[PDB]
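A.B. asks: would you be able to build a 3D model of this:
(chains A, B, C and D)
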Amino acid sequence: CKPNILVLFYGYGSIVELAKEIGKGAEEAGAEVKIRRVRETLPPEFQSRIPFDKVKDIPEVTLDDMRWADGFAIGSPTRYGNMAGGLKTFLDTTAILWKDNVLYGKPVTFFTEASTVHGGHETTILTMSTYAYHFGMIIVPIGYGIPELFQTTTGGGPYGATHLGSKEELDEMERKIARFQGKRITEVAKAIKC
Amino acid sequence: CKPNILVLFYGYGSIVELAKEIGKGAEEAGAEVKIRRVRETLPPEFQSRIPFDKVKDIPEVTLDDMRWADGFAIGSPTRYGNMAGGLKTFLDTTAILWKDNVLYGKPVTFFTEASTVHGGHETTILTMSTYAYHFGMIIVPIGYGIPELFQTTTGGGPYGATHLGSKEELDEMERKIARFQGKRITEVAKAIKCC
Amino acid sequence: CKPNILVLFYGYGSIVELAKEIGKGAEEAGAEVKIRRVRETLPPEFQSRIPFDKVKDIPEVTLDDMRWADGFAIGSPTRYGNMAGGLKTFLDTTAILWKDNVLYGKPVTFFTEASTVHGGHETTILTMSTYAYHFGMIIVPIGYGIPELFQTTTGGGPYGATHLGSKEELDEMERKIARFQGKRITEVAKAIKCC
Amino acid sequence: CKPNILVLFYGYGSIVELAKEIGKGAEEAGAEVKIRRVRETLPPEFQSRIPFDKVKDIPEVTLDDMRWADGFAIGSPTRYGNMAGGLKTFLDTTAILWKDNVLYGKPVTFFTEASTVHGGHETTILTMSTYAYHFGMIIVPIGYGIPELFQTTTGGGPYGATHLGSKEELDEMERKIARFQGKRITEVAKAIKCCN
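C.D. replies: Residues are numbered from 1 along each chain as shown, chains lettered A, B, ... in the order given. What follows is the structure:
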């Protein structure tokens, strides 16, 4: 008995390394992992500078990936305390999955990142989590499971793994915390499944 | 000295009527009112079953409408406790206005709608309010100003004007609350501007 | 094996009947249930209109009751979008349990009530949930499991079971939704403990 | 015309110094400032290690203080994403002010404190703000008014002034941000009161 973890994310920066690090932790805990991204929604003018080169290997998410999953790791870089327009759009397309209660009972964990110290590390996850209540999905926080969560001065908190700053490079603390989120969501996904 | 009020919304159903009632209530309070909508962002395979005819007279919003406004009435029907992808994507494009503090200090009020009694009437507004914090915009709730806010059994509350049901038409008490929200945003925007 | 379910609540009104109905539903799902209340924190001159004559058979909560439980049903009447001062003060005493990670991993479901239609049926649960993030407790919503959650126009919703009005008597919809929340928390608690 | 600013807070540590700085910034903006704290609600057992002597100069808040004020700076150290039980209990006693619409239309700003880097610096403010919706009070965020709000690596942010760590002493960045919040609430307070 092995859970299917879907690591879903919007973004092209440090959120990509966060998604891969979560999936790494989920694999080491013993789970089938699929890392998927959402379609871009910003008008054409914004899309010219978007670095698709570092995400060309990561496939676009289908609704079949949602059905395939026993557990979810949904993420987005903060956009003023909320998830990005890209991810929100895709979550709006899951209306058929809602009418049929496909995702009901399945666990979900949330991850984000912000440029400044307190610019959407906690609130973004709390606002994202409203989605879980409507779908009947159990929210899985990481809390203070590993010592690194007490010790971190950069990214990551009880609400979920994060990244501090604009650059795409995760430090040691942020990597340990992200992998732990992979573990925690696997453990709960295994409990509900098996 | 009269303030400009922008009523900005996503949607096609009952949300349009709420927008117009917020607009009307703001004109009665003596404000220059523009009702604008956002660019649709859903994949074309999910618009079916999306009527663009109800929004023919309502033109798309521009970024100059944002600096024009002295107050805001940002709205969206609920999409599982959050604003819709359409509104969220537009608010992402306001990153141009962010760094140079264009919207700083300007009032904002929020409104939504939900088909079920407790399925996004409150939380959608609280999750929408985060935007105001990052931009330095002051949040204007309705509270319990008019007696209709205690009396309402269908749509409307202290957080903002709502509509109950999956239908288009909105009832008497729902209409009055929306006007009061338009009044409230006008009163606060005038206070900040004319000071 | 059967899970231990603690139904913890502040209140004296209809939140008591909601607490009992959740406990009733939890034990039908096959759980060991203890219903407890929290100590009052209000200054004495505000305890005037409080009827202690109705919550005399429900014992105060201890910190080892928290240790006893495999799952939780935490509830409070809305106090302006947040929980009541009594429940909040109790949760502040659980600092030692946080430090030692006693409640880590345990499921938790939230419930509330409000006298007015959109006066804290959704937001109160959302603000209560932050507690669970800091403790690493998995949050259990009810969503739209039973068809009663679509059909209800009074109390109860996806965020948790609620009551509309000031009176104590719950209606048929509200009682079924509260019973379902007890069933849900039990199902999740059984999965984490035994499975 | 001069606005009255009430700085209301729970706590005994670095939250107190945050309250004084917001008071100072409001005074420099040109307002009468009353700094008040709330009654303790924690049971005797959990009052073993509390320095009351740090707050003995600051009087307890009364319901008259809420009527007096034209603007509010309400704060509390984070208690698992929410305000402390002491502040929550006092706010529950303001039920008469709610029924009389005393605070309706008045501006309110929020501030908090957390030991860990993302352990309630911004959610505490978002949770506290629900109070303002029910009372019809208008919320005043600080956003990114001063350049220090971009720069800070310790405490402070768009949601409100904060302190990072279990230390009591605030660093330079934090005092600048706290004083700014006091300036920010005063500006809105006199705009609502005086202008019309």
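A.B. asks: residue numbers of chain A in contact with chain B?
C.D. replies: Contact residues (CB under 8 Å from any CB of the partner chain) of chain A with chain B: A:39, A:41-43, A:46, A:79-86, A:88-93, A:95, A:98, A:119-120, A:123-124, A:127-128, A:130-131, A:133-135. Yep, even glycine has a C-beta here, placed from its N, CA and C like the rest.
A.B. asks: farthest from the middle of chain A: give me that residue.
C.D. replies: Here chain A reaches farthest from its C-alpha mean at residue A:45, the gap being 26.7 Å by CA atoms, centre = their mean.
A.B. asks: A helix includes that one, no?
C.D. replies: Yes - under DSSP: H, G, I helix; E, B strand; the rest coil, residue A:45 falls within a helix.
A.B. asks: okay, it and residue A:115: tell me how far apart.
C.D. replies: 22 Å (CB to CB, to the nearest Å).
A.B. asks: in ChimeraX, select just the buried ones from the residues of chain A next to chain B.
C.D. replies: Selection of the buried residues among these in ChimeraX, burial being defined by 16 or more other CB atoms under 10 Å in any protein chain shown:
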select /A:41,42,79,80,81,82,83,84,85,86,88,89,90,91,92,93,98,119,120,123,124,127,128,130,131,133,134,135
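A.B. asks: ok, which of the residues of chain A next to chain B also contact chain C?
C.D. replies: Answer for these near chain C (CB under 8 Å from any CB): A:130, A:133-135.
A.B. asks: identify, from those residues, the entry nearest to chain D.
C.D. replies: Using CB to the nearest CB, residue A:130 comes nearest to chain D of these, at 12.5 Å.
A.B. asks: residues in contact with that closest one?
C.D. replies: B:80-82, B:120, B:123-124, B:127, C:126 (CB atoms under 8 Å, 6 or more residues apart in numbering or on different chains).
A.B. asks: same check, this time on residue A:106
C.D. replies: With contact set as CB under 8 Å, 6+ apart, residue A:106 has these partners: A:69-72, A:137-138, A:189, A:192.
A.B. asks: A strand includes residue A:120, no?
C.D. replies: No - looking at residue A:120 with three-state DSSP, it is coil, so not inside a strand.
A.B. asks: which residues sit in contact with it?
C.D. replies: Shown in contact with residue A:120 (CB under 8 Å, 6+ apart): A:78-81, A:112, A:114, B:130, B:134, D:122.
A.B. asks: mind redoing it with 10 Å?
C.D. replies: By CB atoms under 10 Å, 6 or more residues apart in numbering or on different chains, the contact set of residue A:120 is A:76-83, A:112-114, A:127, A:162, B:130, B:133-134, D:118, D:122, D:157-159.
A.B. asks: again, but for residue A:14
C.D. replies: By CB under 10 Å, 6+ apart, the contact list for residue A:14 reads A:77, A:113, A:155, A:162-170, A:174.
A.B. asks: still on that earlier bit, what is the nearest of the contacts of residue A:106 to chain D?
C.D. replies: Among these, and counting by CB to the nearest CB, the member closest to chain D is residue A:138, at 18.1 Å.
A.B. asks: isn't residue A:10 up against residue A:38?
C.D. replies: Yes - Residue A:10 lies in contact with residue A:38 (CB atoms under 10 Å); the separation is 5.0 Å.
A.B. asks: mutual contacts of those two, please.
C.D. replies: Contacts common to residue A:10 and residue A:38, judged by CB under 10 Å, 6+ apart, are A:61, A:74, A:76, A:84-90.
A.B. asks: tell me which of those fall in strands.
C.D. replies: Judged by DSSP state E, the subset of those located in strands is residue A:74.
A.B. asks: which SS class is the residue nearest to residue A:62 when sequence neighbours are not counted?
C.D. replies: Once flanking residues are discounted, residue A:62 sits nearest to residue A:36: 7.9 Å by CB to CB, 6 or more residues apart in numbering or on different chains. Look at residue A:36: counting by three-state DSSP, its state is strand.
A.B. asks: isn't residue A:46 right up against residue A:84?
C.D. replies: No - if you go by CB under 10 Å, residue A:46 and residue A:84 don't touch, sitting 11.6 Å apart.
A.B. asks: list the residues that contact both of the two?
C.D. replies: A:40, B:89, B:92.
A.B. asks: how about stretch A:96-103: buried residues?
C.D. replies: Result for stretch A:96-103 [16+ other CB under 10 Å]: buried residues A:97-98, A:103.
A.B. asks: first-to-last residue distance for that stretch?
C.D. replies: Start and end residues of stretch A:96-103 are separated by 11 Å (CA to CA, to the nearest Å).
A.B. asks: how distant is that stretch from the center of its chain?
C.D. replies: 20 Å (CA atoms, centre = their mean, to the nearest Å).
A.B. asks: who touches it?
C.D. replies: A:63, A:66-67, A:69, A:72, A:91, A:94, A:104, A:131-132, A:134-137, B:46, B:80, C:143-145.
A.B. asks: list the contacts of residue A:89.
C.D. replies: A:10, A:38-41, A:83, B:40-43, B:46, B:79, B:84-86, B:88-89.
A.B. asks: ah, wrong one, I meant residue A:92
C.D. replies: B:41-43, B:46, B:79-80, B:82-86, B:88.
A.B. asks: repeat the analysis, applying 8 Å as the threshold.
C.D. replies: Contacts of residue A:92 (CB under 8 Å, 6+ apart): B:42, B:46, B:79, B:84-85.
A.B. asks: and if you look at residue A:144?
C.D. replies: A:150, A:158, C:98, C:101, C:104, C:134, C:136.
A.B. asks: can you tell me which two in the residues you listed are farthest apart?
C.D. replies: The two members of those with the most space between them (CB to CB) are A:150 and C:104, at 13.5 Å.
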